[PDB]
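S.K.: Have a look at this one before I ask anything.
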Amino acid sequence: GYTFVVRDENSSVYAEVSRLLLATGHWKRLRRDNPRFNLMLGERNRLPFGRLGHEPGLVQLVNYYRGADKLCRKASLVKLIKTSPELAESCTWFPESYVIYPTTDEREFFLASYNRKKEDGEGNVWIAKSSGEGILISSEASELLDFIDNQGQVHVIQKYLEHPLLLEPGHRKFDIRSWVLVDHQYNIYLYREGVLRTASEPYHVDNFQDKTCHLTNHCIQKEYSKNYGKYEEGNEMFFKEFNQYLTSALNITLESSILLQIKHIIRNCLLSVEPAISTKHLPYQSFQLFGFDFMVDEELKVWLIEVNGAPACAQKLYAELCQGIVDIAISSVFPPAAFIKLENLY
Amino acid sequence: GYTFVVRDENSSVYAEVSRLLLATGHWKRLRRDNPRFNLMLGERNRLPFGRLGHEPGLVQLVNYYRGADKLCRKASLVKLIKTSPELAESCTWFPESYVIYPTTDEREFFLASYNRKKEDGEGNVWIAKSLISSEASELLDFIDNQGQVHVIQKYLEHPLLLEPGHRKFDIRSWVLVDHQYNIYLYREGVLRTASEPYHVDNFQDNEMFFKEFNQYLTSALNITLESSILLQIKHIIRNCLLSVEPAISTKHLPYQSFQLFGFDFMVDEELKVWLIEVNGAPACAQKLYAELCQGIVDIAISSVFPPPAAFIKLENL
Amino acid sequence: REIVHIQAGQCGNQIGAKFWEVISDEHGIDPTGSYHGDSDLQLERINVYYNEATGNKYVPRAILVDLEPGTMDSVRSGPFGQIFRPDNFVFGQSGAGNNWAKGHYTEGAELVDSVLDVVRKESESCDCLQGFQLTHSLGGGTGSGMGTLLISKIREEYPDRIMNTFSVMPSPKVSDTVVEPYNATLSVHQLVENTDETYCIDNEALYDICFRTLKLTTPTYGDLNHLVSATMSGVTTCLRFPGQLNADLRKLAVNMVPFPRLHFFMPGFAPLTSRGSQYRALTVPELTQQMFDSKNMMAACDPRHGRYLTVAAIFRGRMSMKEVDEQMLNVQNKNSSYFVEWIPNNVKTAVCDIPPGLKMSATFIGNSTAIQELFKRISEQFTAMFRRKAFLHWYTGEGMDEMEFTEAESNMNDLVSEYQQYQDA
Amino acid sequence: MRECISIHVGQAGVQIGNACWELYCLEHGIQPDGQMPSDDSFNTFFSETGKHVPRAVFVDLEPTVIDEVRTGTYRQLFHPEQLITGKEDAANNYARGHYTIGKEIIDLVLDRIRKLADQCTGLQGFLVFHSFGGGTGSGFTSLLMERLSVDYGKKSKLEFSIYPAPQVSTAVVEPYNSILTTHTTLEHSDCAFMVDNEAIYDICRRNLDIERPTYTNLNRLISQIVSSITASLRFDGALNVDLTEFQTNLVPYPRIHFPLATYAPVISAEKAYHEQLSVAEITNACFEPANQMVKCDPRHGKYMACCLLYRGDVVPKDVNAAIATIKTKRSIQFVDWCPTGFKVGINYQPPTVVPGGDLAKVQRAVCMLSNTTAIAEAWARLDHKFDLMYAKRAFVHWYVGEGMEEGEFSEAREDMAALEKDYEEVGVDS
Ligand SMILES: Nc1nc2c(ncn2[C@@H]2O[C@H](COP(=O)(O)OP(=O)(O)OP(=O)(O)O)[C@@H](O)[C@H]2O)c(=O)[nH]1
Ligand SMILES: Nc1ncnc2c1ncn2[C@@H]1O[C@H](COP(=O)(O)OP(=O)(O)CP(=O)(O)O)[C@@H](O)[C@H]1O
Ligand SMILES: Nc1ncnc2c1ncn2[C@@H]1O[C@H](COP(=O)(O)OP(=O)(O)CP(=O)(O)O)[C@@H](O)[C@H]1O
Ligand SMILES: Nc1nc2c(ncn2[C@@H]2O[C@H](COP(=O)(O)OP(=O)(O)O)[C@@H](O)[C@H]2O)c(=O)[nH]1
Ligand SMILES: [Mg+2]
Ligand SMILES: [Mg+2]
Ligand SMILES: [Mg+2]
């Protein structure tokens, strides 16, 4: 006889999780703000972590890890990669990024790196993004910095991946989204199914104003791409179609060419923040579903772009992903092959 | 003025360094146990680090970093790779190794990994060092019939073979870490090559320089030494020395340290560099002694005691 | 059928004091020793643990021993401190410094005869003494060294009686000194020879329960003692209330101990309460699944890593006996591999109407071969130090010889190999 | 009821003793006249009359230094019989302190000590304060320790030994006196806390911004560390752990009885800034070489024991979290034969500072006692200086002239060589 609260109605993932908990006897949905719960499906911002686990009779579990924002925010992820001992010297899968503040700034270091590639004749395209809206792709540091100063928000100048892996037919850009569930005991689980947020326009290296070929954001493609849904429904390619394209056109499997790097990046990222977010020494337990965003270059190298704390699932994967959250993260604490447990070699 | 002591006559590198200091006219060599020195070219084992920097007014510098053997001894390097937070999850360049004690002790973990490889039909050749075999029962018995602690490393069955000859080789790089911890990779490396063709069954079995090796790479694979091997080497050196940096740094110590390291690498057929071992007291190649020893005098000694382009300073991004 | 209770050392007196507070409440005895209970089914077997004094007062048949007055002064001042017979407080002034040799050979030998005089006095006033129960830790010096010394002397004077102990095993997670593996190994050697039944209360298990299960991050000795006193209450229910199963120490030993040396029991309890916890009353199926779960064991051993030789389950409170039998039969049918097939009907079940406290609870007592994991942990720690003769000077300085350590280490290794032999049968 | 008698030998022992007792009085609310208005655990160190009198004995072979105690602010604190003086000092000569002049005053000292022992219902042992370098501190102390082992067989004997530092050294033969006293006292001391004057000197210059520290500066900082170590004996609580319980963990082998002490925080009274200093901050400072009482590198030495003694506003939760962070981030390597665990003790009584002192008053403080093989560096430095002079027999005639033989020199040096080897062996893996 377990009880749960829902403090985020906008979360599509946990709305399905709530329905899965109901219609299976064991769970009763308590009113919002009712503190006598077992599971809390909390809000995205300002979650009351301090009030959790202070009833010495019931076991409390929350769908978020306190402090995950030091990995899921654009500027804090850049800070983590460059300053964590586990990542600062070993990270070869994160594009060269610098935190910029408009009118802890790394503005001077960006200009030094921009001038170094310029003098050597190296690729100098950079992308600026706020912590799809307010994104500028340019090969001019003067143009990029001025863009930041206009908006009143912290931006991050990341090195633009000028040579991405282009899907054929169409010759189009894409990004990979992977769903990772970390349970109460910090066991990292990669959901078997991923999604490719593809572009429906052919990719070209010259015109950066054409956002339909340069930005693979789902909202950018539905609102501006004239060929939206031309190659695949809702510009979303799944791992079966992507593995078939890879094994055919490039003669290599998705598991070896891309998924091994993905699994390595996920484990390195979550374990760098593990000591700062572990609920071992806290009165309550935590679990979180993450959305890892990757970009593959033409040499088949995976690059981490962003990490999402509150991700949204693909329509067909909602049933399996939400059932996996119920079984692995909820039923492990409160008991009545689709998730790979990511582990170290030794 | 500047005075120095030589407590290792067997060191060929520092014998040449001693000659170079004496040639300047700025350096005078004192007796072995004279404690009023400026520079100490200490001994390989049991160096008296506790006595250093305590004589008042004297600036003392030693040719070794206290610790560093944690990166150089085979078992401690295996321990460091598997336990350091900076290396445990990120290390993809060190062959799968298990420290095996003969008389702590990862014997049960080695057998679990060996059984995983024979069940899946994967390559199961391992090398035990203080024997190359694919059996593990005769590998374990070899260790127990010796009073030493061995390490069972995964044998690289598909190495990059030099043509002509179809022969195995390993790369040795010289790294000088001065006081203030600046890592310098010596421009010239050496390839300790084999003069016999490679066999994948016979378990019973010469210095090429970087110009000849660079020329073999294009035309042979159309790729240069850099972007395929030299970037990997530089990354490995940076990661290794910085994992032990907080444990060996002399910034809060009364004396200063510097050390010349010998990094040993092995390149596989996919052009991937693998770290095999690090040497605390390495030996140089005959033609590179003059340039390497002059670099040690200029970068590490003359920076502390004051009277080009051959050492690349390794930095991140 | 009287039991003479003895508590020795800091731990022994702290857990012992709690045990008396707990059962005194259950039996309707107040701190003054007067009975004010709402049932007489509290006085039916009250004589098993209490003596009857002048003004209808019930006095615990307890002997409080320690080489330091500190802990015993704390007891005398606590809630039920006035319940004990003042003459039964036997204490020295120079403690034991967490040294087994001091408690067993030097400091303890000077105080032991006066303790035996009190034991003898309590025994002479027994219509039919069943035996003794000692509470103590094995990691300290008084409870560990002097406690096993007392056991040896008592056995000499009462060889035909049952010697039962509640022995708290040491753990690095809840440690007082680095010499605990020495003290524990030396005591286990004594226990293997001179006790009929020992309840292994592991501080490692009590810690992991408080930390991982109760989520009491930073647990205190008071937290560990909450679990202990609750388990001690459960395992002694069959001796304190009218019943048919394991109603005395000898029948318990006959049912639970198939091999003389294999008498170390793994207690279990459900529900796992936390001092001042919240609302529900656990259904019989829930009580059964928990008490058999590794997470409810008072010894840090995984029962799935061995087999049960014998098991004794006790349910307390008003519940369906039919449901208890169904649930007890189900746990065995669902895990029949973890119960030795060569001991038919090795799981016995008892039910007591009087609950602890709680509305209903379940206590588990298991003689599992997995208990070797506890002795292996200690043996590993002991060997790591003994190999290099670390800290031996504190022991050899008291008269002990290295040979004594080699024998204790060997006897405990034999105990482990014996438990393994029956696990492979 | 476990009393502790303190014995302060020679100038260093006396002057350090003055600082400790001044601090203990402030900590226990005891006035310079012995009166204690607040009026037990503090009775381990003080006897009662309503005058609270230290269970201490001050010994020096010369009267100037103790005469300052006899006429100073705390003159009333001590009983005249507790302050013992000779006429002629040991002239920085171990042989004069142990033999020539020591023989003349030893019996009187043992009698004054016996008078304190007779007032004890359960004497726990002695705390002996002395320098390694002085003739009395080295010579007389070892004679005293030898006699105490005879007259009090079992009883524990702890030391606070002032290790020589050139910045404040007064004699070229201090290395000789150090080896001689260490050798003679080794079997008779159960635990010894070395205080390197160079380490205390450098902390005063760095953390307190003192250009040229004086003995008063050094001694007040030393008294804080000594106070932290003895706090468990003078106070009691649920989280307070007794020093002898730490001593069981601190001394694995009889000869390896020299724990390294590290203290935090050491903040200037004017440059305090008002910062509070978390439990995590001070615990981390315990692993900074700049805060150790002896100059050595614990990063390159194996631990055999680690004890944390907290003093002010400290709760276990914070301590455990701080220890967890320190692990998997620091060069804390234990020997394979010792559990890699930290023994913690907390005294809720906050640290006290002397009014008008160089130290700022803090809300919380910690002293770490660790038995690390890194302390053997201190022996190596001393033994090397001994070797330099002894090779030429320099100054040896001063010792031989007082009845000593060259044999005692080599016997003491051989024992030190064995001690350095014992620290080497205990670090080797099994
Ligand atoms: N920290 C500290 N060190 C001191 C003090 N007085 C002396 N020393 C040190 O102790 C050593 C000298 O020993 P002293 O205590 O002066 O000598 P003594 O025991 O009186 O012996 P004699 O004068 O030879 O009879 C040197 O290393 C001094 O730096 C003091 O008050 N504090
Ligand atoms: N360094 C880089 N190289 C190449 N393409 C990049 C890039 N950084 C971003 N992009 C492109 O821009 C898109 C949006 O990137 P960004 O990291 O801003 O997205 P997001 O999902 O975190 C949220 P937002 O809507 O705020 O942009 C990516 O999906 C990718 O197509
Ligand atoms: N895993 C491996 N794969 C291939 N060759 C290897 C190997 N390990 C060692 N070798 C070869 O065997 C030689 C043995 O050299 P040595 O005994 O000095 O130590 P090493 O560099 O092999 C140390 P480690 O134990 O770290 O592998 C190497 O120089 C190399 O040529
Ligand atoms: N559960 C429990 N363990 C204790 C308690 N006090 C001490 N211990 C444990 O007992 C051992 C120390 O023995 P102790 O009883 O303190 O000492 P003694 O006076 O020499 O018997 C260590 O293993 C401690 O962890 C207590 O009250 N409860
Ligand atoms: Mg006890
Ligand atoms: Mg005990
Ligand atoms: Mg003097």
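Ordering of the structure tokens sets the chain letters (A, B, ...), residue numbers begin anew at 1 in every chain, and ligands are numbered from 1 in the order given.
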Compute the set of chain A residues within 10 Å of chain D, using only C-alpha atoms, and express it as an MDAnalysis selection string.
M.R.: chainID A and resid 85 275:276 281
S.K.: Name the residues of stretch 138-231 of chain D that come out as helix (DSSP H, G or I) in a backbone DSSP run; write them as a PyMOL selection string.
M.R.: chain D and resi 138-151+174-188+197-207+215-231
S.K.: Using only C-alpha atoms and all ligand atoms, find each residue of chain C with at least one atom at most 8 Å away from an atom of ligand 4; report its shortest atom-to-atom pair and that distance in Å (one decimal), sort the rows by chain and rising residue number, and return the result as JSON lines.
M.R.:
```
{"residue": "C:8", "atom": "CA", "partner": "ligand 4", "partner_atom_place_in_ligand_line": "21 (O)", "distance": 6.3}
{"residue": "C:9", "atom": "CA", "partner": "ligand 4", "partner_atom_place_in_ligand_line": "21 (O)", "distance": 3.5}
{"residue": "C:10", "atom": "CA", "partner": "ligand 4", "partner_atom_place_in_ligand_line": "15 (O)", "distance": 3.7}
{"residue": "C:11", "atom": "CA", "partner": "ligand 4", "partner_atom_place_in_ligand_line": "15 (O)", "distance": 3.4}
{"residue": "C:12", "atom": "CA", "partner": "ligand 4", "partner_atom_place_in_ligand_line": "15 (O)", "distance": 5.8}
{"residue": "C:13", "atom": "CA", "partner": "ligand 4", "partner_atom_place_in_ligand_line": "27 (O)", "distance": 7.6}
{"residue": "C:14", "atom": "CA", "partner": "ligand 4", "partner_atom_place_in_ligand_line": "27 (O)", "distance": 4.8}
{"residue": "C:15", "atom": "CA", "partner": "ligand 4", "partner_atom_place_in_ligand_line": "27 (O)", "distance": 5.9}
{"residue": "C:66", "atom": "CA", "partner": "ligand 4", "partner_atom_place_in_ligand_line": "19 (O)", "distance": 6.5}
{"residue": "C:67", "atom": "CA", "partner": "ligand 4", "partner_atom_place_in_ligand_line": "19 (O)", "distance": 7.1}
{"residue": "C:68", "atom": "CA", "partner": "ligand 4", "partner_atom_place_in_ligand_line": "19 (O)", "distance": 7.3}
{"residue": "C:95", "atom": "CA", "partner": "ligand 4", "partner_atom_place_in_ligand_line": "19 (O)", "distance": 7.2}
{"residue": "C:96", "atom": "CA", "partner": "ligand 4", "partner_atom_place_in_ligand_line": "20 (O)", "distance": 5.6}
{"residue": "C:97", "atom": "CA", "partner": "ligand 4", "partner_atom_place_in_ligand_line": "20 (O)", "distance": 6.4}
{"residue": "C:98", "atom": "CA", "partner": "ligand 4", "partner_atom_place_in_ligand_line": "20 (O)", "distance": 4.5}
{"residue": "C:99", "atom": "CA", "partner": "ligand 4", "partner_atom_place_in_ligand_line": "20 (O)", "distance": 6.7}
{"residue": "C:100", "atom": "CA", "partner": "ligand 4", "partner_atom_place_in_ligand_line": "20 (O)", "distance": 7.5}
{"residue": "C:103", "atom": "CA", "partner": "ligand 4", "partner_atom_place_in_ligand_line": "20 (O)", "distance": 7.3}
{"residue": "C:136", "atom": "CA", "partner": "ligand 4", "partner_atom_place_in_ligand_line": "15 (O)", "distance": 6.4}
{"residue": "C:137", "atom": "CA", "partner": "ligand 4", "partner_atom_place_in_ligand_line": "10 (O)", "distance": 4.6}
{"residue": "C:138", "atom": "CA", "partner": "ligand 4", "partner_atom_place_in_ligand_line": "11 (C)", "distance": 6.3}
{"residue": "C:139", "atom": "CA", "partner": "ligand 4", "partner_atom_place_in_ligand_line": "23 (O)", "distance": 4.0}
{"residue": "C:140", "atom": "CA", "partner": "ligand 4", "partner_atom_place_in_ligand_line": "13 (O)", "distance": 3.1}
{"residue": "C:141", "atom": "CA", "partner": "ligand 4", "partner_atom_place_in_ligand_line": "20 (O)", "distance": 3.1}
{"residue": "C:142", "atom": "CA", "partner": "ligand 4", "partner_atom_place_in_ligand_line": "20 (O)", "distance": 3.7}
{"residue": "C:143", "atom": "CA", "partner": "ligand 4", "partner_atom_place_in_ligand_line": "21 (O)", "distance": 3.6}
{"residue": "C:144", "atom": "CA", "partner": "ligand 4", "partner_atom_place_in_ligand_line": "21 (O)", "distance": 5.7}
{"residue": "C:145", "atom": "CA", "partner": "ligand 4", "partner_atom_place_in_ligand_line": "20 (O)", "distance": 7.6}
{"residue": "C:168", "atom": "CA", "partner": "ligand 4", "partner_atom_place_in_ligand_line": "3 (N)", "distance": 6.3}
{"residue": "C:169", "atom": "CA", "partner": "ligand 4", "partner_atom_place_in_ligand_line": "23 (O)", "distance": 6.2}
{"residue": "C:170", "atom": "CA", "partner": "ligand 4", "partner_atom_place_in_ligand_line": "23 (O)", "distance": 3.7}
{"residue": "C:171", "atom": "CA", "partner": "ligand 4", "partner_atom_place_in_ligand_line": "23 (O)", "distance": 6.2}
{"residue": "C:174", "atom": "CA", "partner": "ligand 4", "partner_atom_place_in_ligand_line": "25 (O)", "distance": 4.9}
{"residue": "C:175", "atom": "CA", "partner": "ligand 4", "partner_atom_place_in_ligand_line": "25 (O)", "distance": 4.6}
{"residue": "C:176", "atom": "CA", "partner": "ligand 4", "partner_atom_place_in_ligand_line": "22 (C)", "distance": 5.4}
{"residue": "C:177", "atom": "CA", "partner": "ligand 4", "partner_atom_place_in_ligand_line": "22 (C)", "distance": 7.4}
{"residue": "C:180", "atom": "CA", "partner": "ligand 4", "partner_atom_place_in_ligand_line": "23 (O)", "distance": 6.2}
{"residue": "C:201", "atom": "CA", "partner": "ligand 4", "partner_atom_place_in_ligand_line": "1 (N)", "distance": 7.9}
{"residue": "C:202", "atom": "CA", "partner": "ligand 4", "partner_atom_place_in_ligand_line": "1 (N)", "distance": 7.9}
{"residue": "C:203", "atom": "CA", "partner": "ligand 4", "partner_atom_place_in_ligand_line": "1 (N)", "distance": 5.8}
{"residue": "C:206", "atom": "CA", "partner": "ligand 4", "partner_atom_place_in_ligand_line": "1 (N)", "distance": 7.5}
{"residue": "C:221", "atom": "CA", "partner": "ligand 4", "partner_atom_place_in_ligand_line": "28 (N)", "distance": 5.0}
{"residue": "C:222", "atom": "CA", "partner": "ligand 4", "partner_atom_place_in_ligand_line": "27 (O)", "distance": 6.8}
{"residue": "C:224", "atom": "CA", "partner": "ligand 4", "partner_atom_place_in_ligand_line": "1 (N)", "distance": 5.2}
{"residue": "C:225", "atom": "CA", "partner": "ligand 4", "partner_atom_place_in_ligand_line": "1 (N)", "distance": 5.3}
{"residue": "C:228", "atom": "CA", "partner": "ligand 4", "partner_atom_place_in_ligand_line": "1 (N)", "distance": 7.0}
```
S.K.: List as a ChimeraX atom specification the protein and nucleic acid residues lying within 7 Å of ligand 3, with only C-alpha atoms and all ligand atoms counted.
M.R.: /B:74,95,127,129-130,151,153-157,169-170,264,266,276-277
S.K.: For the residues selected in the previous step, produce a file with N, CA and C atoms as a PDB file, in the first residue's frame.
M.R.:
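Output (out_38.pdb):
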```
ATOM      1  N   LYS B  74      55.286  -1.659 -12.013  1.00  0.00           N
ATOM      2  CA  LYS B  74      54.196  -2.288 -12.760  1.00  0.00           C
ATOM      3  C   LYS B  74      52.899  -2.463 -11.973  1.00  0.00           C
ATOM      4  N   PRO B  95      46.107  -1.542 -21.328  1.00  0.00           N
ATOM      5  CA  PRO B  95      45.592  -2.906 -21.503  1.00  0.00           C
ATOM      6  C   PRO B  95      45.103  -3.504 -20.200  1.00  0.00           C
ATOM      7  N   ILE B 127      49.833 -11.645 -20.887  1.00  0.00           N
ATOM      8  CA  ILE B 127      51.269 -11.554 -20.606  1.00  0.00           C
ATOM      9  C   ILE B 127      51.537 -11.262 -19.114  1.00  0.00           C
ATOM     10  N   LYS B 129      54.099 -10.227 -16.113  1.00  0.00           N
ATOM     11  CA  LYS B 129      55.399  -9.582 -15.878  1.00  0.00           C
ATOM     12  C   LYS B 129      55.549  -9.117 -14.420  1.00  0.00           C
ATOM     13  N   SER B 130      56.773  -9.150 -13.871  1.00  0.00           N
ATOM     14  CA  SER B 130      57.002  -8.734 -12.487  1.00  0.00           C
ATOM     15  C   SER B 130      57.022  -7.219 -12.372  1.00  0.00           C
ATOM     16  N   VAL B 151      51.916  -8.975 -12.708  1.00  0.00           N
ATOM     17  CA  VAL B 151      50.726  -8.339 -13.237  1.00  0.00           C
ATOM     18  C   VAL B 151      50.309  -9.043 -14.514  1.00  0.00           C
ATOM     19  N   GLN B 153      48.577  -8.705 -17.701  1.00  0.00           N
ATOM     20  CA  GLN B 153      48.093  -7.721 -18.660  1.00  0.00           C
ATOM     21  C   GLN B 153      47.566  -8.418 -19.916  1.00  0.00           C
ATOM     22  N   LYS B 154      46.578  -7.820 -20.593  1.00  0.00           N
ATOM     23  CA  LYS B 154      46.050  -8.395 -21.823  1.00  0.00           C
ATOM     24  C   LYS B 154      47.110  -8.221 -22.910  1.00  0.00           C
ATOM     25  N   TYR B 155      47.517  -9.313 -23.574  1.00  0.00           N
ATOM     26  CA  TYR B 155      48.540  -9.233 -24.611  1.00  0.00           C
ATOM     27  C   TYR B 155      47.963  -8.630 -25.876  1.00  0.00           C
ATOM     28  N   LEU B 156      48.654  -7.643 -26.454  1.00  0.00           N
ATOM     29  CA  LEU B 156      48.211  -7.019 -27.696  1.00  0.00           C
ATOM     30  C   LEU B 156      48.527  -7.965 -28.856  1.00  0.00           C
ATOM     31  N   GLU B 157      47.536  -8.782 -29.244  1.00  0.00           N
ATOM     32  CA  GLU B 157      47.690  -9.792 -30.289  1.00  0.00           C
ATOM     33  C   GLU B 157      47.764  -9.234 -31.707  1.00  0.00           C
ATOM     34  N   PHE B 169      57.388  -3.674 -32.601  1.00  0.00           N
ATOM     35  CA  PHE B 169      58.179  -2.561 -32.090  1.00  0.00           C
ATOM     36  C   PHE B 169      57.440  -1.870 -30.934  1.00  0.00           C
ATOM     37  N   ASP B 170      58.181  -1.127 -30.114  1.00  0.00           N
ATOM     38  CA  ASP B 170      57.596  -0.326 -29.048  1.00  0.00           C
ATOM     39  C   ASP B 170      58.206   1.078 -29.084  1.00  0.00           C
ATOM     40  N   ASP B 264      56.783   4.123 -22.201  1.00  0.00           N
ATOM     41  CA  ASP B 264      56.819   3.036 -23.173  1.00  0.00           C
ATOM     42  C   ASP B 264      55.425   2.778 -23.723  1.00  0.00           C
ATOM     43  N   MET B 266      52.907   1.030 -27.122  1.00  0.00           N
ATOM     44  CA  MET B 266      52.775  -0.021 -28.115  1.00  0.00           C
ATOM     45  C   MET B 266      51.609   0.355 -29.014  1.00  0.00           C
ATOM     46  N   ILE B 276      52.304   0.992 -21.911  1.00  0.00           N
ATOM     47  CA  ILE B 276      52.734  -0.289 -21.378  1.00  0.00           C
ATOM     48  C   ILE B 276      53.379  -0.093 -20.013  1.00  0.00           C
ATOM     49  N   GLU B 277      54.371   0.801 -19.926  1.00  0.00           N
ATOM     50  CA  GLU B 277      55.061   1.050 -18.669  1.00  0.00           C
ATOM     51  C   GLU B 277      55.717   2.431 -18.642  1.00  0.00           C
TER      52      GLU B 277
END
```
S.K.: Select all residues from chain D having any atom no more than 8 Å from an atom of chain B (counting only C-alpha atoms, ignoring ligands), output as number ranges by chain.
M.R.: D: 166, 289-290, 296-297, 299-300, 328, 330-331, 377-378, 380-381
